[PDB]
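Input: a single structure, listed below in structure tokens.
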Amino acid sequence: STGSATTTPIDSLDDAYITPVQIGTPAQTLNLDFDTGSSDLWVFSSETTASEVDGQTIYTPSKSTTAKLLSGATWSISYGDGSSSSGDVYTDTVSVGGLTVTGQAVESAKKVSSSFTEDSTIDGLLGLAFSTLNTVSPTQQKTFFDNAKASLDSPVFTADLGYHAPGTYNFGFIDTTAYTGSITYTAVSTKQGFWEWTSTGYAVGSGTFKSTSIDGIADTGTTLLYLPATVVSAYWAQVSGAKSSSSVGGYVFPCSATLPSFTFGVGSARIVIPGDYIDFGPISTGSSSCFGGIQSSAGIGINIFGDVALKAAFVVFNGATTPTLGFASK
Ligand SMILES: CC(C)CN(C[C@H](O)[C@H](CC1CCCCC1)NC(=O)[C@H](Cc1c[nH]c[nH+]1)NC(=O)[C@H](Cc1ccccc1)NC(=O)OC(C)(C)C)C(=O)N[C@@H](CCCC[NH3+])C(=O)N[C@@H](Cc1ccccc1)C(=O)O
């Protein structure tokens, strides 16, 4: 079996991408944020405290003939950004882009933090990290990808994120029409439960490639590209008028600028992020100042190849027994 689904940015900034998913019988369509940095599938539901739901479409398990209560099971999760949610757990049929899994754990939110309440476009998350991070207890539940692997034509799923445009998530096949050249695979460490890999180095604009190991994780659920302080410092040094701003919380610069491109190694291959991808947006509508798409990882504790990096590539999440990450230009 295979699935193919369109993923669309939630706004003009590509802050995040939502992908419709069908849950229950008959099917209830919710727009979820596919998150390779976590492993919970959770949704806004009939069970979420009313004052906390805010324009989102909710999942009503009592209207699904195929839902069953996982009795005893609860969950609770917090994200890097400080947001959180908790509740209990159903199994139900879940479909993405025509790929159907039965007995998928669907985590139903009883409460949600203010961030998700204010996010009208996101009805919940679909986690695509390794199942070891799942927060359901007392027994952890498999991700949608893990449950799917038995029936997939190939145990993989590709992320094809658009620059200010829709993209695709594919399950179980690689669309050779989607990228240029060849896919370069690199080893993944599952020690911390992430899609964790090591970049072979970097270049800024048209200058020299520096071989230096950058350990980071591929996270579709993080907007920006967070690299070590001295790499980020090297990038913004090539932009006049760029400066670090305490008040905004990162490197800012004139919207006027043409930004240099940024290159990062994957084994012997090179992926080039066009400069315009790194120009995130004005810090406020009508400002001369724009927020940089590359920022320091120092405060986060881990390098993150987030959406600004990933949408410059075709990315293959190879979830064979011994996982690997594939990158191609597109
Ligand atoms: C550690 C990273 C790589 C993985 N991760 C991050 C998620 O992918 C998570 C997915 C989001 C959550 C919010 C809603 C949309 C989906 N991403 C994030 O939390 C990042 C973090 C970040 C970095 N810098 C500034 N913010 N959020 C973002 O990148 C948001 C996305 C967004 C889009 C639209 C609207 C709102 C928010 N974008 C954003 O802020 O953009 C601007 C900076 C321009 C404002 C996790 O949350 N993982 C959990 C797994 C939980 C498993 C529990 N068993 C975790 O480790 N949580 C840790 C937190 C942590 C880890 C490591 C170090 C420190 C803290 C914990 O236990 O608390």
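Chain lettering (A, B, ...) mirrors the order of the structure tokens, residue numbering begins at 1 for each chain separately, and ligand numbering begins at 1 in order of display.
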> What do you get as a ChimeraX atom specification if you pick all residues at most 7 Å from ligand 1, counting only C-alpha atoms and all ligand atoms?
Replying inline: /A:15-16,33,35-38,77-83,115-116,119,125,133-135,217,219-224,300-302,304
Once you have the residues from the selection above, write them out as a JSON list (two decimals), in the first residue's frame, restricted to C-alpha atoms.
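Listing of out.json after writing:
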```
[["chain", "number", "residue", "atom", "x", "y", "z"],
["A", 15, "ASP", "CA", 5.56, 28.84, 9.84],
["A", 16, "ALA", "CA", 4.24, 25.27, 9.66],
["A", 33, "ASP", "CA", 0.92, 19.20, 11.74],
["A", 35, "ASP", "CA", 5.98, 16.42, 13.34],
["A", 36, "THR", "CA", 9.11, 14.31, 12.86],
["A", 37, "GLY", "CA", 10.36, 15.69, 16.20],
["A", 38, "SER", "CA", 7.74, 13.81, 18.27],
["A", 77, "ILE", "CA", 3.45, 15.95, 26.35],
["A", 78, "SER", "CA", 5.40, 19.20, 26.30],
["A", 79, "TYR", "CA", 7.23, 20.62, 23.27],
["A", 80, "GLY", "CA", 10.53, 22.48, 22.94],
["A", 81, "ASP", "CA", 8.60, 25.76, 22.65],
["A", 82, "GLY", "CA", 7.00, 25.18, 26.06],
["A", 83, "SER", "CA", 3.54, 24.21, 24.79],
["A", 115, "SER", "CA", -0.50, 28.39, 22.14],
["A", 116, "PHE", "CA", -2.58, 25.64, 20.59],
["A", 119, "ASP", "CA", -3.61, 28.32, 16.64],
["A", 125, "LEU", "CA", -0.20, 16.74, 15.65],
["A", 133, "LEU", "CA", 9.22, 9.02, 22.48],
["A", 134, "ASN", "CA", 5.44, 8.31, 22.62],
["A", 135, "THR", "CA", 4.02, 9.65, 25.83],
["A", 217, "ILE", "CA", 17.85, 16.33, 13.96],
["A", 219, "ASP", "CA", 12.35, 18.15, 12.38],
["A", 220, "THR", "CA", 9.43, 18.99, 10.10],
["A", 221, "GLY", "CA", 7.74, 20.44, 13.18],
["A", 222, "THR", "CA", 10.32, 23.22, 13.68],
["A", 223, "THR", "CA", 10.14, 26.31, 11.44],
["A", 224, "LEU", "CA", 13.67, 27.54, 11.33],
["A", 300, "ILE", "CA", 17.96, 24.91, 22.53],
["A", 301, "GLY", "CA", 20.72, 22.38, 23.32],
["A", 302, "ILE", "CA", 20.51, 20.59, 19.97],
["A", 304, "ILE", "CA", 17.74, 21.41, 14.37]]
```
Quick one: contact table of segment 103-157 of chain A to segment 18-30 of chain A, 8 Å max, nearest atom pair and distance in Å to one decimal per residue, counting only C-alpha atoms, chain and number order, as CSV?
```
residue,atom,partner,partner_atom,distance
A:121,CA,A:18,CA,7.8
A:122,CA,A:18,CA,6.8
A:123,CA,A:30,CA,5.9
A:124,CA,A:30,CA,7.8
```
Store the residues picked out above in a file with N, CA and C atoms, as a PDB file, in the first residue's frame.
```
ATOM      1  N   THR A 121      -5.468  27.007  12.881  1.00  0.00           N
ATOM      2  CA  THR A 121      -5.214  26.251  11.647  1.00  0.00           C
ATOM      3  C   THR A 121      -4.784  24.827  11.966  1.00  0.00           C
ATOM      4  N   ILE A 122      -4.364  24.603  13.198  1.00  0.00           N
ATOM      5  CA  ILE A 122      -3.801  23.275  13.507  1.00  0.00           C
ATOM      6  C   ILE A 122      -4.725  22.496  14.426  1.00  0.00           C
ATOM      7  N   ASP A 123      -5.265  21.373  13.987  1.00  0.00           N
ATOM      8  CA  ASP A 123      -6.248  20.632  14.790  1.00  0.00           C
ATOM      9  C   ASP A 123      -5.563  19.597  15.666  1.00  0.00           C
ATOM     10  N   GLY A 124      -4.253  19.498  15.595  1.00  0.00           N
ATOM     11  CA  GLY A 124      -3.508  18.494  16.372  1.00  0.00           C
ATOM     12  C   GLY A 124      -2.243  18.113  15.615  1.00  0.00           C
TER      13      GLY A 124
END
```
>> I'd like the neighbourhood of residue 170 of chain A as a PyMOL selection string, where a residue qualifies if any of its atoms comes within 8 Å (using only C-alpha atoms), though same-chain residues fewer than 3 positions away should be ignored.
In response: chain A and resi 2-5+157-159+173-174
>> Please identify the strand (DSSP E or B) residues within segment 46-295 of chain A (assignment by DSSP from backbone atoms) and present them as a count of residues only.
In response: 112
Excluding residue 163 of chain A and residues on its chain fewer than 2 positions from it, collect all residues at most 7 Å away from it, counting only C-alpha atoms, and give them as a PDB file with N, CA and C atoms, in the first residue's frame.
```pdb
ATOM      1  N   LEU A 161       8.489  19.551   1.088  1.00  0.00           N
ATOM      2  CA  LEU A 161       7.866  20.771   1.620  1.00  0.00           C
ATOM      3  C   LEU A 161       8.093  21.949   0.665  1.00  0.00           C
ATOM      4  N   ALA A 165       4.389  27.496  -0.872  1.00  0.00           N
ATOM      5  CA  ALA A 165       3.595  26.700  -1.821  1.00  0.00           C
ATOM      6  C   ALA A 165       3.266  25.341  -1.211  1.00  0.00           C
ATOM      7  N   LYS A 311      12.817  22.221   3.300  1.00  0.00           N
ATOM      8  CA  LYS A 311      12.036  22.525   2.093  1.00  0.00           C
ATOM      9  C   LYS A 311      12.939  22.857   0.899  1.00  0.00           C
TER      10      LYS A 311
END
```
> Which residue, A:272, A:323, A:256, A:178, has the smallest gap to residue 162 of chain A when you use only C-alpha atoms?
Replying inline: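 The shortest atom-to-atom distance to residue 162 of chain A comes from A:178.
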>> Measuring between only C-alpha atoms, which one of A:280, A:209, A:44, A:144 shows the shortest distance to residue 120 of chain A?
In response: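 Of the candidates, the smallest distance to residue 120 of chain A is held by A:44.
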>> So that I can check the surroundings of residue 160 of chain A, please list as a ChimeraX atom specification every protein, DNA and RNA residue that reaches within 10 Å of it, counting only C-alpha atoms and ignoring chain neighbours fewer than 5 positions away.
In response: /A:6-7,166-170,178-179,310-316,330
> residue 260 of chain A: which residues within 7 Å, counting only C-alpha atoms, same-chain residues fewer than 6 positions away excluded, as a PyMOL selection string?
Replying inline: chain A and resi 204-205+275
> Between A:130, A:17, A:202, A:195, which one has atoms that come closest to residue 269 of chain A, using only C-alpha atoms?
Replying inline: A:202
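Using only C-alpha atoms, the smallest distance between any of A:131, A:12, A:147, A:137 and residue 104 of chain A comes from A:147.
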